[PDB]
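Participant: upload-v2.cif is reproduced below (mmCIF, C-alpha atoms and all ligand atoms).
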```
data_coords
#
loop_
_atom_site.label_atom_id
_atom_site.label_comp_id
_atom_site.auth_asym_id
_atom_site.auth_seq_id
_atom_site.Cartn_x
_atom_site.Cartn_y
_atom_site.Cartn_z
CA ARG H 71 34.83 0.80 13.45
CA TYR H 72 36.31 4.17 14.21
CA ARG H 73 38.39 4.01 11.07
CA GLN H 74 35.46 2.84 8.96
CA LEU H 75 33.47 5.94 9.71
CA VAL H 76 36.60 8.05 9.83
CA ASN H 77 36.82 7.41 6.13
CA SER H 78 33.28 7.20 4.82
CA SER H 79 30.83 9.27 2.80
CA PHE H 80 27.84 10.16 4.91
CA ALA H 81 25.55 9.01 2.19
CA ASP H 82 27.23 5.69 2.75
CA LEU H 83 26.58 5.71 6.49
CA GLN H 84 22.96 5.76 5.50
CA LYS H 85 23.54 2.43 3.77
CA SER C 7 -17.13 -18.42 -14.41
CA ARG C 8 -16.33 -14.69 -14.52
CA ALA C 9 -19.75 -13.54 -15.75
CA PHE C 10 -19.92 -10.90 -13.01
CA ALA C 11 -16.84 -9.19 -14.48
CA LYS C 12 -18.61 -7.66 -17.46
CA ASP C 13 -21.40 -5.93 -15.49
CA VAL C 14 -19.57 -4.17 -12.64
CA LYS C 15 -20.13 -0.48 -11.97
CA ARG C 16 -18.28 0.37 -8.73
CA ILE C 17 -14.90 -1.37 -8.46
CA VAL C 18 -12.59 -1.18 -5.44
CA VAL C 19 -8.84 -1.77 -5.71
CA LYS C 20 -6.38 -1.96 -2.81
CA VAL C 21 -2.59 -1.72 -2.95
CA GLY C 22 -0.42 -2.86 -0.05
CA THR C 23 3.10 -1.93 1.00
CA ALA C 24 4.28 -5.04 -0.85
CA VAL C 25 3.65 -3.29 -4.16
CA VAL C 26 3.87 0.44 -3.48
CA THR C 27 7.34 0.31 -1.92
CA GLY C 28 10.44 -1.07 -3.60
CA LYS C 29 14.03 -1.64 -2.49
CA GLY C 30 15.51 0.88 -0.08
CA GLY C 31 12.13 2.05 1.12
CA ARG C 32 11.76 4.17 -1.99
CA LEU C 33 8.45 4.61 -3.73
CA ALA C 34 8.35 2.05 -6.47
CA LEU C 35 7.81 4.78 -9.03
CA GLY C 36 7.55 1.95 -11.53
CA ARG C 37 4.72 -0.22 -10.30
CA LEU C 38 2.97 2.63 -8.56
CA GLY C 39 3.06 4.48 -11.85
CA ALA C 40 1.94 1.77 -14.24
CA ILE C 41 -1.01 0.86 -12.04
CA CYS C 42 -2.13 4.46 -11.59
CA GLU C 43 -1.76 4.95 -15.35
CA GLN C 44 -4.05 2.01 -16.02
CA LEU C 45 -6.47 3.18 -13.32
CA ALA C 46 -6.73 6.63 -14.89
CA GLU C 47 -7.33 5.04 -18.29
CA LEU C 48 -9.99 2.76 -16.81
CA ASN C 49 -11.73 5.67 -15.08
CA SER C 50 -11.71 7.56 -18.39
CA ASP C 51 -13.90 4.70 -19.69
CA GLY C 52 -16.65 5.68 -17.24
CA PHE C 53 -16.09 3.14 -14.46
CA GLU C 54 -16.16 4.14 -10.79
CA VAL C 55 -12.98 3.00 -9.03
CA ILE C 56 -12.08 3.15 -5.33
CA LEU C 57 -8.43 3.27 -4.28
CA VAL C 58 -6.99 2.00 -0.99
CA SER C 59 -3.34 2.78 -0.22
CA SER C 60 -0.98 1.18 2.29
CA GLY C 61 2.52 2.62 1.84
CA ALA C 62 2.60 5.18 4.65
CA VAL C 63 4.79 3.13 6.98
CA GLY C 64 7.73 2.45 4.67
CA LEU C 65 8.17 5.84 3.04
CA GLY C 66 7.74 7.39 6.41
CA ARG C 67 10.42 5.23 7.89
CA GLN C 68 12.96 6.06 5.17
CA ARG C 69 12.28 9.78 5.30
CA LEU C 70 12.70 9.83 9.06
CA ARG C 71 15.86 7.86 8.60
CA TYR C 72 17.34 10.48 6.38
CA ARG C 73 16.17 13.35 8.56
CA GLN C 74 17.75 11.80 11.65
CA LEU C 75 21.04 11.00 9.93
CA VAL C 76 21.29 14.54 8.58
CA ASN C 77 21.29 15.60 12.22
CA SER C 78 23.61 13.17 14.00
CA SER C 79 27.11 13.10 15.49
CA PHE C 80 29.28 9.98 15.77
CA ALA C 81 26.01 8.30 16.57
CA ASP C 82 26.83 6.35 13.47
CA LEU C 83 29.43 4.42 15.45
CA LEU C 90 11.37 5.13 15.19
CA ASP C 91 7.87 5.63 16.58
CA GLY C 92 5.33 4.76 13.92
CA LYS C 93 2.95 7.60 14.72
CA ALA C 94 5.49 9.92 13.08
CA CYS C 95 6.66 7.56 10.45
CA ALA C 96 3.05 7.36 9.31
CA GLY C 97 2.50 11.05 9.32
CA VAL C 98 5.40 11.64 6.99
CA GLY C 99 4.66 8.57 4.90
CA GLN C 100 1.09 9.66 4.26
CA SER C 101 2.15 13.08 3.29
CA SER C 102 4.50 11.57 0.76
CA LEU C 103 2.20 8.93 -0.63
CA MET C 104 -0.54 11.42 -1.18
CA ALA C 105 1.90 13.75 -2.85
CA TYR C 106 2.98 11.08 -5.30
CA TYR C 107 -0.52 9.96 -6.04
CA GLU C 108 -1.64 13.48 -6.85
CA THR C 109 1.38 14.61 -8.78
CA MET C 110 1.12 11.40 -10.80
CA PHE C 111 -2.65 11.72 -11.30
CA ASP C 112 -2.43 15.32 -12.47
CA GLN C 113 -0.83 13.97 -15.66
CA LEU C 114 -4.24 12.72 -16.88
CA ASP C 115 -6.57 15.33 -15.31
CA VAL C 116 -7.94 12.83 -12.79
CA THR C 117 -8.77 14.39 -9.43
CA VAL C 118 -8.40 12.47 -6.16
CA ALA C 119 -9.49 13.43 -2.65
CA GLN C 120 -7.90 11.83 0.41
CA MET C 121 -10.57 10.41 2.71
CA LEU C 122 -9.09 8.85 5.85
CA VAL C 123 -11.02 6.65 8.29
CA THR C 124 -10.13 5.67 11.85
CA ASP C 125 -11.08 2.83 14.18
CA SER C 126 -13.01 5.13 16.52
CA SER C 127 -15.33 6.29 13.74
CA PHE C 128 -17.24 3.24 12.43
CA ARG C 129 -19.04 2.59 15.73
CA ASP C 130 -21.36 5.56 15.10
CA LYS C 131 -24.81 4.84 13.68
CA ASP C 132 -24.98 7.77 11.24
CA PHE C 133 -21.30 8.14 10.30
CA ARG C 134 -21.65 5.17 7.95
CA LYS C 135 -24.63 6.83 6.25
CA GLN C 136 -22.79 10.14 5.96
CA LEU C 137 -19.75 8.45 4.44
CA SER C 138 -21.95 6.53 2.01
CA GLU C 139 -23.69 9.69 0.84
CA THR C 140 -20.47 11.70 0.50
CA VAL C 141 -18.63 8.96 -1.40
CA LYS C 142 -21.61 8.44 -3.72
CA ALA C 143 -21.73 12.18 -4.39
CA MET C 144 -17.98 12.47 -4.96
CA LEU C 145 -17.67 9.40 -7.21
CA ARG C 146 -20.01 10.92 -9.78
CA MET C 147 -17.86 13.60 -11.41
CA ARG C 148 -15.16 11.03 -12.23
CA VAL C 149 -13.41 11.78 -8.92
CA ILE C 150 -11.43 8.88 -7.45
CA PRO C 151 -11.40 8.73 -3.63
CA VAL C 152 -8.49 7.24 -1.71
CA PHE C 153 -8.94 5.50 1.65
CA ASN C 154 -6.20 4.45 4.05
CA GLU C 155 -5.94 3.58 7.73
CA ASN C 156 -5.00 6.70 9.70
CA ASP C 157 -2.06 5.28 11.64
CA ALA C 158 -1.34 8.71 13.15
CA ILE C 159 -4.42 9.12 15.35
CA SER C 160 -4.79 5.34 15.74
CA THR C 161 -4.32 4.29 19.37
CA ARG C 162 -4.77 0.50 19.42
CA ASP C 168 -11.92 -4.73 18.70
CA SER C 169 -13.65 -2.08 16.54
CA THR C 170 -14.66 -3.85 13.29
CA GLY C 171 -12.36 -6.07 11.26
CA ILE C 172 -9.67 -8.26 12.78
CA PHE C 173 -6.40 -6.32 13.18
CA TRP C 174 -8.14 -3.76 10.93
CA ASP C 175 -5.37 -3.81 8.35
CA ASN C 176 -6.09 -2.30 4.95
CA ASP C 177 -7.33 -5.72 3.78
CA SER C 178 -10.16 -5.86 6.32
CA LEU C 179 -10.74 -2.12 5.88
CA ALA C 180 -11.19 -2.60 2.13
CA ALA C 181 -13.44 -5.62 2.63
CA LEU C 182 -15.73 -3.84 5.08
CA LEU C 183 -15.78 -0.63 3.04
CA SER C 184 -16.74 -2.54 -0.10
CA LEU C 185 -19.39 -4.38 1.91
CA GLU C 186 -20.85 -1.08 3.16
CA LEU C 187 -20.98 0.94 -0.06
CA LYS C 188 -22.95 -0.88 -2.73
CA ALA C 189 -20.15 -2.05 -5.01
CA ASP C 190 -18.55 -5.20 -6.38
CA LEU C 191 -15.28 -6.74 -7.57
CA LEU C 192 -13.00 -6.20 -4.59
CA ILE C 193 -9.54 -6.22 -6.16
CA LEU C 194 -6.48 -6.64 -3.95
CA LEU C 195 -2.95 -6.31 -5.34
CA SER C 196 -0.16 -8.43 -3.86
CA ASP C 197 3.25 -9.60 -5.09
CA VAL C 198 2.05 -13.15 -5.85
CA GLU C 199 0.00 -14.09 -8.91
CA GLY C 200 -2.97 -15.39 -6.91
CA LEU C 201 -3.70 -17.46 -3.82
CA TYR C 202 -1.39 -20.47 -3.91
CA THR C 203 -2.62 -23.43 -1.89
CA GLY C 204 0.72 -23.43 -0.06
CA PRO C 205 4.06 -21.62 0.15
CA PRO C 206 5.01 -20.43 -3.35
CA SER C 207 8.66 -21.43 -2.87
CA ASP C 208 7.82 -25.10 -2.37
CA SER C 209 7.05 -27.09 -5.52
CA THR C 210 3.94 -28.46 -3.76
CA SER C 211 2.04 -25.24 -4.41
CA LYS C 212 -0.39 -24.76 -7.30
CA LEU C 213 -2.55 -21.81 -8.29
CA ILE C 214 -6.31 -22.28 -7.90
CA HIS C 215 -8.75 -20.93 -10.46
CA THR C 216 -11.59 -20.80 -7.90
CA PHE C 217 -12.06 -21.04 -4.13
CA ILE C 218 -14.54 -23.38 -2.45
CA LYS C 219 -15.17 -22.44 1.18
CA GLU C 220 -15.83 -25.90 2.62
CA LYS C 221 -13.29 -27.69 0.42
CA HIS C 222 -10.35 -25.30 0.89
CA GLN C 223 -10.47 -23.17 4.05
CA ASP C 224 -10.23 -26.10 6.46
CA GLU C 225 -7.32 -27.85 4.75
CA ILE C 226 -5.11 -25.21 3.11
CA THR C 227 -2.19 -24.34 5.39
CA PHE C 228 0.05 -21.30 4.96
CA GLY C 229 1.91 -18.61 6.84
CA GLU C 230 5.50 -18.16 7.97
CA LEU C 234 5.25 -5.96 5.13
CA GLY C 235 4.30 -3.32 7.67
CA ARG C 236 0.74 -2.75 6.43
CA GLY C 237 -1.47 -5.80 6.02
CA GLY C 238 -0.49 -9.42 6.37
CA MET C 239 -1.58 -12.73 4.89
CA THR C 240 -4.13 -14.92 6.73
CA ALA C 241 -6.00 -11.63 7.07
CA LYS C 242 -6.52 -11.36 3.32
CA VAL C 243 -8.38 -14.68 3.20
CA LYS C 244 -10.62 -13.78 6.14
CA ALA C 245 -11.44 -10.37 4.67
CA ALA C 246 -12.16 -11.92 1.27
CA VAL C 247 -14.45 -14.60 2.69
CA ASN C 248 -16.34 -12.22 4.98
CA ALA C 249 -16.83 -9.87 2.03
CA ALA C 250 -17.86 -12.52 -0.52
CA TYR C 251 -20.33 -14.08 1.91
CA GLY C 252 -21.64 -10.54 2.35
CA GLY C 253 -22.40 -10.23 -1.36
CA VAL C 254 -19.36 -8.65 -3.03
CA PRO C 255 -17.24 -10.63 -5.53
CA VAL C 256 -13.52 -10.76 -4.78
CA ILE C 257 -10.58 -11.38 -7.12
CA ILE C 258 -6.90 -11.62 -6.15
CA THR C 259 -4.15 -10.70 -8.62
CA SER C 260 -0.49 -9.72 -8.49
CA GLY C 261 0.64 -6.13 -8.90
CA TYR C 262 3.96 -6.86 -10.63
CA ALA C 263 2.25 -6.54 -14.04
CA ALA C 264 -0.17 -3.60 -13.90
CA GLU C 265 -1.88 -4.73 -17.12
CA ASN C 266 -3.36 -7.68 -15.19
CA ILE C 267 -6.32 -5.68 -13.84
CA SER C 268 -7.35 -4.64 -17.36
CA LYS C 269 -7.46 -8.33 -18.29
CA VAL C 270 -9.50 -8.97 -15.14
CA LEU C 271 -12.04 -6.35 -16.21
CA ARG C 272 -12.62 -7.78 -19.68
CA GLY C 273 -13.77 -11.39 -19.22
CA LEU C 274 -10.52 -13.32 -18.77
CA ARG C 275 -9.58 -15.69 -15.95
CA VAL C 276 -6.53 -14.74 -13.88
CA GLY C 277 -6.20 -15.08 -10.12
CA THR C 278 -8.59 -16.52 -7.53
CA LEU C 279 -12.31 -15.98 -6.97
CA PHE C 280 -14.56 -15.47 -3.94
CA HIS C 281 -18.30 -15.42 -4.69
CA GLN C 282 -21.52 -16.48 -2.99
CA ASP C 283 -21.76 -19.41 -5.42
CA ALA C 284 -20.77 -22.94 -4.42
CA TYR N 72 39.02 17.36 14.10
CA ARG N 73 37.32 16.78 17.41
CA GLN N 74 35.03 19.49 16.12
CA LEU N 75 34.33 17.67 12.88
CA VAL N 76 33.91 14.54 14.90
CA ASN N 77 31.20 16.41 16.66
CA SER N 78 28.93 17.92 14.02
CA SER N 79 26.06 17.09 11.72
CA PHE N 80 26.16 16.57 8.00
CA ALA N 81 23.76 19.37 8.43
CA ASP N 82 26.51 21.19 10.29
CA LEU N 83 28.98 20.86 7.44
CA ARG Z 69 22.61 22.18 -4.89
CA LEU Z 70 25.78 20.65 -6.26
CA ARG Z 71 27.49 21.42 -2.97
CA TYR Z 72 24.97 19.29 -1.15
CA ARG Z 73 25.31 16.62 -3.77
CA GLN Z 74 29.03 16.49 -3.14
CA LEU Z 75 28.97 16.56 0.65
CA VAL Z 76 26.57 13.67 0.47
CA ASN Z 77 29.18 11.59 -1.28
CA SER Z 78 32.18 13.04 0.56
CA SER Z 79 34.18 11.08 3.11
CA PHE Z 80 34.80 12.50 6.54
CA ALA Z 81 38.50 12.29 5.83
CA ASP Z 82 37.89 14.74 2.96
CA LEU Z 83 36.06 17.37 4.93
CA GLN Z 84 39.35 18.34 6.60
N1 LIG H 301 -1.28 -19.22 0.21
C1 LIG H 301 -0.40 -18.35 -0.31
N2 LIG H 301 -0.18 -18.26 -1.64
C2 LIG H 301 0.71 -17.39 -2.15
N3 LIG H 301 1.44 -16.54 -1.41
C3 LIG H 301 1.32 -16.52 -0.07
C4 LIG H 301 0.37 -17.45 0.57
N4 LIG H 301 0.44 -17.23 1.89
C5 LIG H 301 1.35 -16.25 2.09
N5 LIG H 301 1.88 -15.83 0.93
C6 LIG H 301 2.90 -14.77 0.82
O1 LIG H 301 2.98 -14.05 2.05
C7 LIG H 301 3.20 -12.67 1.79
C8 LIG H 301 2.44 -11.79 2.77
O2 LIG H 301 2.27 -10.52 2.16
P1 LIG H 301 0.78 -9.97 2.00
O3 LIG H 301 0.20 -9.83 3.39
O4 LIG H 301 0.07 -10.83 0.99
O5 LIG H 301 0.97 -8.50 1.38
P2 LIG H 301 1.05 -7.26 2.39
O6 LIG H 301 2.11 -7.69 3.37
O7 LIG H 301 1.43 -6.10 1.51
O8 LIG H 301 -0.34 -7.16 2.96
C9 LIG H 301 2.72 -12.40 0.39
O9 LIG H 301 3.71 -11.65 -0.29
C10 LIG H 301 2.52 -13.76 -0.24
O10 LIG H 301 3.37 -13.91 -1.38
#
```
Go through the file and emit its structure as structure tokens.
Ligand SMILES: Nc1ncnc2c1ncn2[C@@H]1O[C@H](COP(=O)(O)OP(=O)(O)O)[C@@H](O)[C@H]1O

Facilitator:
Amino acid sequence: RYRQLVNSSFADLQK
Amino acid sequence: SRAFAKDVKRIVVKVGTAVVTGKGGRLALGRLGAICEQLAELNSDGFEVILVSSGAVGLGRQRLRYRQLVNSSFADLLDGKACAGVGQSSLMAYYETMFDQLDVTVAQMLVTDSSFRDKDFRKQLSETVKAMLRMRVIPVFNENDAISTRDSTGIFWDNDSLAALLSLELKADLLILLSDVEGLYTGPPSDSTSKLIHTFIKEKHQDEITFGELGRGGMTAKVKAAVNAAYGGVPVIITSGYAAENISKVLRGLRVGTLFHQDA
Amino acid sequence: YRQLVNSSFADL
Amino acid sequence: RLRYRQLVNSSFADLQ
């Protein structure tokens, strides 16, 4: 979790 | 047969969220384009078309999504009334921008549930639509989900029942509804026990066909709207929107889709 | 970092 | 413009 977002491109978070 | 097809003057076409919106809640620029292209071409032939749109919910939702995400913090670890506002803005934008490519002018006329109970509002709308659809102007109707609070008229008053009633009110014919399936299958399309029907007999079919299992609209409302419009005196044809050239074949004297007429 | 943790893509 | 385009595809770990 934390790590996932820690290393993600915001555009991705939109996924 | 399809003898009524050759002699229609005022045609109404309705597009649901199943066709206007594609994957990722993004306007299906493809289908939405091809169909509006063909509609502009058809209007350039002198016909009088009526457009009903249903994609406010989805586009709205996506846009709000983005706007929220743009302003969020670690939250990465919506009310329709707004979704619809933004969705309508966007849909109307696309329709216009796309229709300005063929010098076809469209005016957005929006109706609400608490408006069709008035005795003279129907007459006023009839006169204004008749006046507007004379200089090759295409009007666009859609349920105004923003102001909407909720029997009114039309069950669940989705765009299907709205289109059926509106075509029943204004003297017109050939109610065309665009879905993602190539007609009214007698059953679920996935199952092999499902065959397309050329026609529709009220007493033979309605009792025994069984179906059911898309924010705007919903099946089992389409059939009721079609039957209550056809028994009112307006022919109804159902055809898929995945091939926008289908409607041109409909309006030439060729048999595709399902029928709903006063005949038996 | 805690700052970045607390911001908006808009913020950046 | 292009800055926005990039940020969009950037990973938090790259904004440091
Ligand atoms: N009798 C049937 N024949 C074919 N398809 C059906 C039938 N009943 C339900 N469906 C499917 O159910 C779905 C419901 O969507 P529909 O209400 O038709 O469009 P929208 O949700 O845009 O109003 C349709 O996509 C359709 O394919």

Participant: Kindly provide, as JSON, the centre and edge lengths (Å, one decimal) of an axis-aligned box around all atoms of ligand LIG 301 (chain H) given in the file, with 5 Å on each side.

Facilitator:
```
{"center_x": 1.2, "center_y": -12.7, "center_z": 0.6, "size_x": 15.0, "size_y": 23.1, "size_z": 15.5}
```

Participant: Write out as number ranges by chain which residues come within 12 Å of residue 74 in chain H when counting all atoms listed in the file, dropping same-chain ones fewer than 4 positions away.

Facilitator: H: 78-80, 82-83; C: 80, 82-83; Z: 79-81

Participant: Would you mind listing, as a PyMOL selection string, all residues of chain C that have at least one atom within 12 Å of chain N, where only C-alpha atoms are what counts?

Facilitator: chain C and resi 72-83

Participant: Find the distance between CA of residue 61 in chain C and atom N4 of ligand LIG 301 (chain H) and write it in Å to one decimal.

Facilitator: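 That distance, rounded to one decimal, is 20.0 Å.
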
Participant: Residues contacting ligand LIG 301 (chain H) - anything with an atom at most 9 Å away, using all atoms listed in the file - can you give me those as JSON, numbers by chain?

Facilitator: {"C": [21, 22, 23, 24, 25, 26, 60, 61, 175, 176, 177, 195, 196, 197, 198, 199, 200, 201, 202, 203, 204, 205, 206, 207, 211, 212, 213, 226, 227, 228, 229, 230, 234, 235, 236, 237, 238, 239, 240, 241, 242, 243]}

Participant: For the atom pair CA of residue 258 in chain C and CA of residue 17 in chain C, what is the interatomic distance in Å to one decimal place?

Facilitator: 13.2 Å

Participant: Excluding residue 102 in chain C and residues on its chain fewer than 6 positions from it, collect all residues at most 9 Å away from it, counting all atoms listed in the file, and give them as a list in words.

Facilitator: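 So the residues in contact are residues 62, 65 and 66 of chain C.
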
Participant: Could you check how far CA of residue 168 in chain C sits from CA of residue 219 in chain C, in Å to one decimal?

Facilitator: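 Pair CA of residue 168 in chain C / CA of residue 219 in chain C returns 25.1 Å.
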
Participant: Taking only C-alpha atoms into account, what are the residues of chain Z at most 10 Å from chain N, put as a list in words?

Facilitator: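 Listed by rising number, the hits are residues 72, 75, 76, 80, 81, 83 and 84 of chain Z.
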
Participant: Each residue of chain H lying at most 8 Å from chain C should get a row with its shortest atom-to-atom pair and the distance in Å to one decimal, counting only C-alpha atoms; could you produce that, ordered by chain and increasing number, as JSON lines?

Facilitator:
```
{"residue": "H:71", "atom": "CA", "partner": "C:83", "partner_atom": "CA", "distance": 6.8}
{"residue": "H:72", "atom": "CA", "partner": "C:83", "partner_atom": "CA", "distance": 7.0}
{"residue": "H:75", "atom": "CA", "partner": "C:83", "partner_atom": "CA", "distance": 7.2}
{"residue": "H:83", "atom": "CA", "partner": "C:82", "partner_atom": "CA", "distance": 7.0}
{"residue": "H:84", "atom": "CA", "partner": "C:75", "partner_atom": "CA", "distance": 7.1}
```
